[PDB]
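Written out below as C-alpha cells is the structure these notes cover.
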Amino acid sequence: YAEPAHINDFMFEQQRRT
Amino acid sequence: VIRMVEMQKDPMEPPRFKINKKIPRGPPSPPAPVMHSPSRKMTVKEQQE
Amino acid sequence: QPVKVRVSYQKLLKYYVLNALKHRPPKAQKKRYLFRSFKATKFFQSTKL
Amino acid sequence: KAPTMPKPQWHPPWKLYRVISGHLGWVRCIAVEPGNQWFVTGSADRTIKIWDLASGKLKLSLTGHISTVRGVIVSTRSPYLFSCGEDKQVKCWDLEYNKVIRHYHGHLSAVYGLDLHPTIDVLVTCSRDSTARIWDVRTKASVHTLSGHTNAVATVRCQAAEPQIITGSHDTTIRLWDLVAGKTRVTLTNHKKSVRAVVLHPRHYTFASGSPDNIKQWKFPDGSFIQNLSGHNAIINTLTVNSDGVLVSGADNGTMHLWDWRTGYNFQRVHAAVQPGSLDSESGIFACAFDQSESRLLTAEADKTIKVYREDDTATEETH
RNA sequence: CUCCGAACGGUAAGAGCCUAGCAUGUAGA
RNA sequence: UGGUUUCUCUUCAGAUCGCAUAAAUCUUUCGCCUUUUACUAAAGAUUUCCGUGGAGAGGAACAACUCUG
C-alpha cells in the first residue's frame, strides 16, 4: 500500500544518513 | 520511504525496445444486463403480417 | 548585351517577385527555444572553440 | 385520470412555407448557421450545398466526397463547416476558403454522424465500423477510441453539462463514454429497438433521448427515465427539440409527429407530402433541426426536397 | 546560345562442402 | 522615484512581427507521360524550421556610477 508524503527530500536524506 | 526521482534520459536516441507485444488489459468486461423490456410473442397473425 | 546576363537578370527578378507576391504571411508562431532545451539537459555541455 | 392531464403545455401548430428542392438524391443531413444566414445540407450526390437560411435561395455548392454525405456539423465556435462522408473520410471543409483544410481519417468504415463539442476543442465523429472517434480539431489526430458499442454508433451528443459523451449505439443500448477515460460510465435500460436518435433540451431541463420503437426520456446526470414516448412505432431518424417546449420527431415513414417535451401529447402529428417525381412511399424525414432564430422549422426529407415549416397562430387546438 | 536528371520496373531458379566484420554485459550460491 | 548587463520560462503576436525568405501538406490547374517516387509553376490556406517583438518570475558582474525627472 503506497502512501506518499509531502516532506522535504533534503532534510529526510540528511536525517536518515546521520 | 523511497524517493521517486525520474531519471532524465537522453533526448536524442533510438527507442530501447521494439513494438511491445504485451497484453495491456483484460479481455473480460463488466457485462451489464439489458433489462429493457420483456420480450414476448406479438400475435398469432404476426407470422402472416 | 550579353546573352547570359539577360536571362540571369530575368530569373533573379523572378524569384524577387515570387518570394514577395504570395510569400507574405503575418508569420505567427507559438513555440521557441529548440536547441535551448538540449543545453538544459543532464548530458550536453557548453564550451567554446 | 392521468397525472398532469388537464394542464398540458402550449404548442401552436406549424405550416410549411417553402419546399426547396435543388439536391439530386436523398438528403441525409441538414444544419443551420449560428448567425441564421446559411443552411448547410448534404445529399446523396456527394455535395454539401449551403443555402440561405431565410430566403431559401442557393448560396454555394461544395463537393469532394466519394460517397453519400450523411453528416454536416457547422461549428459555431470556429469558422469550419465540418462534414462526415460515408467514404471513411471526415472531410473538415473549412469555410475560410471553401475547400478541404484538414481531411482527417482513421475510421474503418462509413461515418454516421459528427458533433462538435462546445467547450473541448475536439470533434466526436460517430463512425459505423465498430465505434466512434474523438478527433482533435486543428491537430489532425485522434484523442481516444471510445469503443463501448456492440454495433454501429449512430447518434452522438457532446454536451458541456454531461461530463461523458452520450453515444447512440444501434445495439439497443445507449452509452455515456467519458471524455478523459473512454469507458462507458452508464448504459441505458431502455430502447429495445436499434437506437439511432438522440436529442437535448438544455432550456429548462436535462437532455432527453429517443428510440424508433418505445422511446423514452432521460437525464444528464447518470441517466433517469422520466417518461416514455407516445404511440410512434415508425423508424425515427430525426429528433429535434426547441427551447419553447416543442418536441419534433422525424420518422422514416413521413409521419412527422410533433409533441411536447413536458406534456408528451402529440400536438400536430401531421404527415408531409412527397415530390411529383418521387415514388408513392418515399417521403421520410431523415434529418430535422430548428432555425437559429427558432422561428421556422427545417426538415430535410428523403424525397430530395428540403422542406421548411414556418409557424402559425391558432387557438382551436385544445388537447383532452 | 551554355537548362547538366536519379532510382524502381534488372541480373534469377538449386543441390554438397568451406571460411568470416558482427551482439548481450544480469538476479542466483 | 533610485540597476547597466547576462542566462533560464509565461503569454499574445495582425507592425515590411522578416527593409530577406526555405521545405512539406491539402484543394484546384498546365506540360511531359510508361509503373511510381524524385518532377515544371499559377491561385488559395495549414504545419515545421531559420528568427524576432512588450511584460510580470529566478541567478552573476562595481550596483552603486548615482541615470531621467
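Values quoted throughout were computed directly from the atomic coordinates according to the rules given, and no laboratory measurement underlies them. Neighbour counts are summed over all protein chains in view; Cβ atoms, including those assigned to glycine, are modelled from backbone coordinates with ideal geometry.
Numerical summary
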quantity: Radius ratio Rg over Rh of region D:211-277, counting only Cα atoms, Kirkwood formula for Rh; calculated: 1.01
quantity: Diffusion constant of chain C at 20 °C, which comes from Stokes-Einstein with the Kirkwood Cα-pair radius and 1.002 mPa s, µm²/s; calculated: 137 µm²/s
quantity: With eigenvalues of the C-alpha gyration tensor scaled by 5 and rooted, region D:160-244, Å; calculated: 20, 16, 10
quantity: Restricting region D:91-139 to chymotrypsin sites (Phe, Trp or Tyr not before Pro) in coil, as DSSP defines it, with at most 13 other Cβ within 10 Å; calculated: D:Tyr97
quantity: Share of alpha-carbon pairs per 20 Å distance bin for chain D, given as whole %; calculated: 34, 60, 6, 0
quantity: DSSP-assigned coil residues among trypsin sites (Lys or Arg not before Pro) in chain B, each with at most 10 further Cβ atoms within 10 Å; calculated: B:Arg3, B:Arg16, B:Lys18, B:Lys21, B:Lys22, B:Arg25, B:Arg40, B:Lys41
quantity: Equivalent ellipsoid semi-axes, region D:204-320, via Cα gyration tensor eigenvalues times 5, rooted, Å; calculated: 24, 17, 14
quantity: Relative compactness, region D:137-188, computed as alpha-carbon Rg over 2.2 N^0.38 Å; calculated: 1.12
quantity: Mean shadow area of region D:85-124, taken as a quarter of the surface of its Cα convex hull (nm²); calculated: 3.2 nm²
quantity: Net dipole in debye of the protein assembly as shown [+1 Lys, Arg Cβ; -1 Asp, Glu Cβ; about Cα centre; nearest 20]; calculated: 2840 debye
quantity: Cα gyration tensor of region D:103-168 - equivalent ellipsoid semi-axes, whole Å, descending; calculated: 17, 15, 9
quantity: Over region D:1-114 - Rg/Rh using Cα atoms and the Kirkwood inverse-distance radius; calculated: 1.12
quantity: Between region D:97-152 and region D:219-275, the alpha-carbon center distance in angstrom; calculated: 27 Å
quantity: Net charge dipole size for chain D [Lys, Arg +1 and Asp, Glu -1 on Cβ; Debye, nearest 20]; calculated: 520 debye
quantity: Trypsin sites (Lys or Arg not before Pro) lying in DSSP loop within region D:62-139, provided at most 16 other Cβ fall within 10 Å; calculated: D:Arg77, D:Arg138
quantity: Size descriptor, Kirkwood hydrodynamic radius, that averages inverse alpha-carbon separations across the protein assembly as shown, Å; calculated: 25.7 Å
quantity: Distance cut-off 17 Å, percentage of C-alpha pairs in chain B lying past it; calculated: 76 percent
quantity: Positive-pole candidate from D:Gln217, A:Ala5, D:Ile73, dipole of the protein assembly as shown, charges at beta carbon; calculated: A:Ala5
